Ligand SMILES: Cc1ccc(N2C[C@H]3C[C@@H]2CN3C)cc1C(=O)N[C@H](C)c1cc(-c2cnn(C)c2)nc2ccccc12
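First, one chain by itself: the form deposited without this ligand, in C-alpha cells.
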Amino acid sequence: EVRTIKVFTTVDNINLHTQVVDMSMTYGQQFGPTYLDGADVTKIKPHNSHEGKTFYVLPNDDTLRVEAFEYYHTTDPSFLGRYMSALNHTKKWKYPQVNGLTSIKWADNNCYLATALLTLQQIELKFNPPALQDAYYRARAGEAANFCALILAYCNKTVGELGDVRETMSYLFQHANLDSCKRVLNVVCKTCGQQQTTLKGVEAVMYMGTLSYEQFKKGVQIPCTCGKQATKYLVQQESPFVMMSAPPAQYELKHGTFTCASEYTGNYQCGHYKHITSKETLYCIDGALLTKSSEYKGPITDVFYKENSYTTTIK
C-alpha cells in the first residue's frame, strides 16, 4: 500500500513548492538534505503530522538557486545547511529586552553576537539581502533567532565558536547599504611628504588601530616604507556612524562622547564580550545582565560614534 502526504519545500520560507512525498522513503531519498524549522529530517520518514508543513531543502534546481540568491545574496553551497544548523540552537536562546533593546541571554559563547545585535539597534544601517532585512525587523521586535542564525551562517561561525565583534560587524556591513559613506585620510612622513587616500563603503566607516575618534582627527603614528613613523589623520568623513577598533586595552569611556562600545576580557582562545551604551548614564549590558555607572574603564575593543559630516581644520 503506497501512502503519500502533501508537503511544501522552500529555500526562503516565502516561495513554497508543492511536493507529494512517499511515506515509505526518507526526506533525504526524495529531496536531499531536508530541515523542519532547523531540525535535520534527512534520515526521517514522513509522519502524518507533517502534512501541509514547510521544509527547507538545498537549492537543487535553477528555480531554487535563483530564489536562494535573491533572498540571501550568497551562492555558498553549504549556506542553508549552516543556517539551519545554527537555527536549531538559536531558536532555544532567550532574547530579553534590556534597557529597551533586544539582547541575548548568554549561551554557547554568544556574547559577541549579543554586543553586535545591541550595537546594530543604536546605529543607522539598512541591510541589502531580504533575509537580513526580514530577520532584523523580527529581532528588533524581540524574536532574534533567525537573525542570529543568519549572522552565524554569513560569518562562517558555528554555535559555540569564539567570534570577534570587529570581524562580525565587517560581514554585516558588507551586506548593508553603505555606498554613500566616504572617508579622506592624509598620511604625512617628514621624509616622504604627504599622500591623501579616499575610502568608500565599509572601509569608510571602520578603522583598526585606535579607539579614539578625536585621536584619529588629530593624527595616529603608522609605519612608512622609508622606516620612519608617519602621521595619518582624518581629512573628511561622510557617514552616519564610525567604528574605531583596537586590540583590547584598558580604556576610559566618558558619558556623552560615544554611542556604544564592546569590552573583551580574556585571551586569543577564550574570553567574554560585554556591551557599554551611553544614554542618560553608562549602561553595561552583558547578555541578560544590566549594571550602570557614571564612569567606565575596561579592556575596550570597539567604539561607535555618531557622525554626519566632518571636515578637518588641519592644513
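Residue numbers run from 1 along the displayed sequence.
Although not depicted, the form deposited with this ligand bound is the subject of the following passage.
Although this ligand is omitted here, in the deposited complex all of 162, 166 and 269 have a heavy atom within 4.5 Å of it.
Residues within 4.5 angstroms of this ligand in the deposited complex, judged by any non-hydrogen atom, belong to 242 to 250 and to none of the other stretches in 27 to 35, 41 to 49, 275 to 283, 242 to 250. Shown alone here, residue 208 lies within 4.5 Å of this ligand in the deposited complex, counting heavy atoms only. Looking at residue 9, you'd find every heavy atom of it more than 4.5 angstroms from this ligand in the deposited complex. For the chain shown alone, residue 264 is a contact residue for this ligand in the deposited complex, at least one non-hydrogen atom being within 4.5 angstroms. Along 275 to 308, one residue reaches a heavy atom to within 4.5 Å of this ligand in the deposited complex: 301.
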